[PDB]
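Visitor: Here it is, the structure, as structure tokens.
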Amino acid sequence: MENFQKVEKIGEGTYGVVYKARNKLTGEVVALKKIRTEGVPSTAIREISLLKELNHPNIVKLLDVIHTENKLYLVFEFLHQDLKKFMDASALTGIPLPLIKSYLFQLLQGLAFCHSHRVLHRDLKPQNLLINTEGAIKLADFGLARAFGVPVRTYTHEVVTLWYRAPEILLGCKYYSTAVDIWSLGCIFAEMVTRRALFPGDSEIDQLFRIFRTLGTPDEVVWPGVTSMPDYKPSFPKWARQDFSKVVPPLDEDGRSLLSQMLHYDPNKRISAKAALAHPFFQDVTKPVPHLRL
Ligand SMILES: CCCCCCNc1cc(NCc2cccnc2)c(C(N)=O)cc1[N+](=O)[O-]
């Protein structure tokens, strides 16, 4: 490294290998993501560079975009743990409701900020939500999906998780809206509460059908235009909707109400991050300190 010193391999992210590294000059510790494949579209360089200006306390800071030796590296502020690991660690006892609420509230503030700046995440998942010892949680990888248009894979054949994908994406809609992020966050909220993924599909159709089996197969009444979507098939089985009381027990009615609005089928009916922040569920929100073992 011309200015870094690898501390260790943090993982093999969706867009390449990630290392924890120390800037030999500043001494700062950062996350360095090597971007995957053979060309690096200058279009992406400009778009990514724009994200360097997207600063908010609940968004992982993109410190630098390094395009040298015809390679692309993203330098991000470093956080010690992701929500997936934290949820697994809290599996026996569950994350306390006050902390679940604090995290959801913070994540919505982060989304409201990005969305007001016309930046979508598109691939939110527990592994992309980073936490620290202060009780903060931050969204990582905002805007990379668009800047890199197509997703595909990482670089070492890894199974893309579809668990948090909004139904309009699964039905082949080519135009994503801010609503896809609200859907993903709703799925994560449910998972924090129950300690089980809400819709753990293992294929695109299994993902879609798991959603239908829980929320009911969508129709023109609840989702105008759904039957004209690219991958919609009249042959889809028609399942009845289940009650949220059975989906995320023992979450209270304020929580079920908010989740239901985050999971509406019609992206246009789905609650916005700004509106969600005003939901009665957050009347008593606080910022607890999590028990983090690093
Ligand atoms: C099995 C762990 C999966 C990590 C995959 C890489 N995922 C990332 C994880 C991060 N930190 C949380 C963390 C997690 C584990 C160890 N140490 C720190 C960070 C960051 N900004 O600090 C960035 C990325 N990433 O995507 O650039």
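How things are named: the first chain in the structure tokens is A, the next is B, and so on; residues count from 1 in each chain; ligands count from 1 in the order shown.
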Sorted by chain and rising residue number, which residues of chain A lie within 6 Å of ligand 1, and what are their closest atom pairs and distances in Å to one decimal, counting only C-alpha atoms and all ligand atoms, as a Markdown table?
Guide:
| residue | atom | partner | partner_atom_place_in_ligand_line | distance |
| --- | --- | --- | --- | --- |
| A:10 | CA | ligand 1 | 4 (C) | 4.9 |
| A:11 | CA | ligand 1 | 5 (C) | 3.9 |
| A:12 | CA | ligand 1 | 5 (C) | 5.7 |
| A:13 | CA | ligand 1 | 26 (O) | 5.0 |
| A:18 | CA | ligand 1 | 27 (O) | 5.2 |
| A:31 | CA | ligand 1 | 21 (N) | 4.9 |
| A:33 | CA | ligand 1 | 27 (O) | 5.2 |
| A:76 | CA | ligand 1 | 21 (N) | 5.2 |
| A:77 | CA | ligand 1 | 21 (N) | 5.3 |
| A:78 | CA | ligand 1 | 22 (O) | 3.5 |
| A:79 | CA | ligand 1 | 22 (O) | 3.9 |
| A:80 | CA | ligand 1 | 18 (C) | 4.2 |
| A:81 | CA | ligand 1 | 12 (C) | 4.1 |
| A:82 | CA | ligand 1 | 12 (C) | 4.8 |
| A:130 | CA | ligand 1 | 12 (C) | 5.8 |
Visitor: With only C-alpha atoms counted and 12 Å as the cut-off, give the residues of segment 24-86 of chain A in contact with segment 191-198 of chain A, each with its shortest interatomic distance in Å and the pair that gives it, as CSV.
Guide:
residue,atom,partner,partner_atom,distance
A:83,CA,A:192,CA,9.2
A:84,CA,A:192,CA,9.6
A:85,CA,A:192,CA,11.8
A:86,CA,A:192,CA,9.9
Visitor: Once you have the residues from the selection above, write them out as a short mmCIF file (atom, residue, chain, number, x, y, z; two decimals), in the first residue's frame, restricted to N, CA, C and O atoms.
Guide:
data_model
loop_
_atom_site.label_atom_id
_atom_site.label_comp_id
_atom_site.auth_asym_id
_atom_site.auth_seq_id
_atom_site.Cartn_x
_atom_site.Cartn_y
_atom_site.Cartn_z
N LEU A 83 -24.71 -5.00 12.15
CA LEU A 83 -25.94 -5.42 12.82
C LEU A 83 -26.20 -6.92 12.72
O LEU A 83 -26.82 -7.50 13.62
N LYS A 84 -25.74 -7.56 11.65
CA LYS A 84 -25.94 -9.00 11.52
C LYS A 84 -25.22 -9.71 12.66
O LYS A 84 -25.79 -10.54 13.35
N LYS A 85 -23.95 -9.37 12.85
CA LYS A 85 -23.20 -9.99 13.94
C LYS A 85 -23.83 -9.66 15.29
O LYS A 85 -23.95 -10.53 16.15
N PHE A 86 -24.25 -8.40 15.49
CA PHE A 86 -24.88 -8.01 16.75
C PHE A 86 -26.17 -8.79 17.00
O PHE A 86 -26.43 -9.21 18.12
#
Visitor: Leaving out residue 67 of chain A and any residue of its chain fewer than 2 positions from it, which residues lie within 12 Å of it when counting only C-alpha atoms, given as JSON, numbers by chain?
Guide: {"A": [34, 35, 39, 40, 41, 42, 44, 45, 46, 48, 49, 64, 65, 69, 70, 71, 72, 73, 74, 75]}
Visitor: Could you list, as a ChimeraX atom specification, every residue within 10 Å of segment 160-167 of chain A, counting only C-alpha atoms and ignoring same-chain residues fewer than 3 positions away?
Guide: /A:14,122-126,151-154,157,170-173,176,179-188,197-204,206-212,218,226,263-267
Visitor: Can you pull out every residue from segment 11-171 of chain A that DSSP, working from the backbone, puts in strand (DSSP E), and format the result as a ChimeraX atom specification?
Guide: /A:11-13,16-23,29-35,62-68,71-77,81-82,129-131,137-139
Visitor: Taking only C-alpha atoms into account, which of A:56, A:51, A:257, A:205 comes nearest residue 145 of chain A?
Guide: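 Smallest separation from residue 145 of chain A among the options: A:51.
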Visitor: List the neighbours of residue 289 of chain A out to 12 Å using only C-alpha atoms; skip same-chain residues closer than 3 positions along the sequence, and give me the result as a PyMOL selection string.
Guide: chain A and resi 95-96+98-100+102-103+131-137+286+292
Visitor: Quick one: of A:30, A:159, A:108, A:222, who's nearest to residue 279 of chain A, counting only C-alpha atoms?
Guide: A:108
Visitor: Pick out each residue of segment 68-174 of chain A that DSSP on the backbone tags as alpha helix (DSSP H); I need them as a ChimeraX atom specification.
Guide: /A:83-89,97-116,144-147,167-170
Visitor: Can I get the selected residues back with C-alpha atoms, as a PDB file, in the first residue's frame?
Guide:
ATOM      1  CA  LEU A  83     -25.936  -5.424  12.823  1.00  0.00           C
ATOM      2  CA  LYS A  84     -25.942  -8.997  11.516  1.00  0.00           C
ATOM      3  CA  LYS A  85     -23.200  -9.987  13.941  1.00  0.00           C
ATOM      4  CA  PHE A  86     -24.876  -8.010  16.748  1.00  0.00           C
ATOM      5  CA  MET A  87     -28.226  -9.730  16.155  1.00  0.00           C
ATOM      6  CA  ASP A  88     -26.585 -13.149  16.261  1.00  0.00           C
ATOM      7  CA  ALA A  89     -24.807 -12.160  19.476  1.00  0.00           C
ATOM      8  CA  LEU A  97     -36.991  -2.843  22.548  1.00  0.00           C
ATOM      9  CA  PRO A  98     -35.543   0.556  23.467  1.00  0.00           C
ATOM     10  CA  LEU A  99     -32.402  -0.192  21.419  1.00  0.00           C
ATOM     11  CA  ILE A 100     -34.371  -1.650  18.524  1.00  0.00           C
ATOM     12  CA  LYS A 101     -36.372   1.581  18.506  1.00  0.00           C
ATOM     13  CA  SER A 102     -33.258   3.781  18.718  1.00  0.00           C
ATOM     14  CA  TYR A 103     -31.642   1.935  15.829  1.00  0.00           C
ATOM     15  CA  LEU A 104     -34.774   2.065  13.674  1.00  0.00           C
ATOM     16  CA  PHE A 105     -35.174   5.792  14.376  1.00  0.00           C
ATOM     17  CA  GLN A 106     -31.528   6.494  13.482  1.00  0.00           C
ATOM     18  CA  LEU A 107     -31.725   4.415  10.297  1.00  0.00           C
ATOM     19  CA  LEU A 108     -34.861   6.329   9.224  1.00  0.00           C
ATOM     20  CA  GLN A 109     -33.035   9.651   9.780  1.00  0.00           C
ATOM     21  CA  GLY A 110     -30.219   8.335   7.580  1.00  0.00           C
ATOM     22  CA  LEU A 111     -32.664   7.282   4.870  1.00  0.00           C
ATOM     23  CA  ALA A 112     -34.591  10.561   5.072  1.00  0.00           C
ATOM     24  CA  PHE A 113     -31.301  12.382   4.505  1.00  0.00           C
ATOM     25  CA  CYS A 114     -30.212  10.233   1.552  1.00  0.00           C
ATOM     26  CA  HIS A 115     -33.631  10.275  -0.052  1.00  0.00           C
ATOM     27  CA  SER A 116     -33.935  14.069   0.250  1.00  0.00           C
ATOM     28  CA  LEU A 144     -23.093   2.332  -4.837  1.00  0.00           C
ATOM     29  CA  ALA A 145     -25.818   0.280  -6.532  1.00  0.00           C
ATOM     30  CA  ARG A 146     -26.782   3.089  -8.914  1.00  0.00           C
ATOM     31  CA  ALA A 147     -23.193   4.255  -9.487  1.00  0.00           C
ATOM     32  CA  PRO A 167     -41.567  -6.903  -4.261  1.00  0.00           C
ATOM     33  CA  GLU A 168     -41.461  -4.406  -7.118  1.00  0.00           C
ATOM     34  CA  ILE A 169     -37.806  -5.386  -7.687  1.00  0.00           C
ATOM     35  CA  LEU A 170     -38.691  -9.074  -7.632  1.00  0.00           C
TER      36      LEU A 170
END
Visitor: Hey, can you check how far atom CA of residue 32 of chain A sits from atom CA of residue 19 of chain A?
Guide: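 Separation of atom CA of residue 32 of chain A and atom CA of residue 19 of chain A: 5.1 Å.
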Visitor: What does the structure give for the distance between atom CA of residue 139 of chain A and atom CA of residue 127 of chain A, in Å to one decimal?
Guide: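 Interatomic distance here is 9.7 Å.
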Visitor: Excluding residue 240 of chain A and residues on its chain fewer than 5 positions from it, collect all residues at most 10 Å away from it, counting only C-alpha atoms, and give them as a ChimeraX atom specification.
Guide: /A:212-218
Visitor: Would you output that residue set with C-alpha atoms, as a PDB file, in the first residue's frame?
Guide:
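Output (again27.pdb):
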ATOM      1  CA  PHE A 212     -47.109 -13.528  -0.734  1.00  0.00           C
ATOM      2  CA  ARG A 213     -47.714 -16.261   1.855  1.00  0.00           C
ATOM      3  CA  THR A 214     -47.410 -13.705   4.629  1.00  0.00           C
ATOM      4  CA  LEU A 215     -48.827 -10.494   3.227  1.00  0.00           C
ATOM      5  CA  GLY A 216     -51.249 -12.110   0.776  1.00  0.00           C
ATOM      6  CA  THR A 217     -50.808 -12.403  -2.988  1.00  0.00           C
ATOM      7  CA  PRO A 218     -51.095  -8.800  -4.231  1.00  0.00           C
TER       8      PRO A 218
END
